[PDB]
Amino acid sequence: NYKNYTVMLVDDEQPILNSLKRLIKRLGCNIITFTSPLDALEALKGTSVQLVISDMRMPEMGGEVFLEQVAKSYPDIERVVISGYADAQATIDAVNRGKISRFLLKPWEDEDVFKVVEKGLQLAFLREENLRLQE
């Protein structure tokens, strides 16, 4: 049981997407990226995803609105929000009310993404495979 797992990255800033994807690929999992949370929500109806990292501030909707929609339809996905010092307030609220599994402070160190992703992917496994006959 290794990386037949999928990570989704959602961020309107395209250089965040590649800089996260480069780090995360070393882990060997499938990575799908979207600059639009609408497109990301659509893709989730057809594509198995174990972990999503969204940005906090995005045109169509905040990452906390996007991640709450994820929470409600795909309860087993690990939900991670990227947060600046600028987004302190919104991150705390998003936490207080269950919208995100974790947050990733930006600027991060490579070590930080690897950490959030490996741990998160392990917890998505637990939730998915819970109570089900393993073989």
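A residue's number is simply how far along the shown sequence it sits, counting from 1.
The question of which stretch, 126-134 or 1-9, has the higher mean Cα B factor is settled in favour of 1-9.
When the C-alpha B-factors of 87-95 and 61-69 are averaged, 87-95 comes out higher.
In the PDB entry, a CA B factor belonging to the middle third of its chain's modelled residues is recorded for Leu121.
Residue-level temperature factors show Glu109 in the highest third of its chain, judged at the C-alpha atom.
When the modelled residues of the chain are ordered by their C-alpha B factor, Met56 lands in the highest third. Looking at the C-alpha B-factors along this chain, the one for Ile100 belongs to the highest third.
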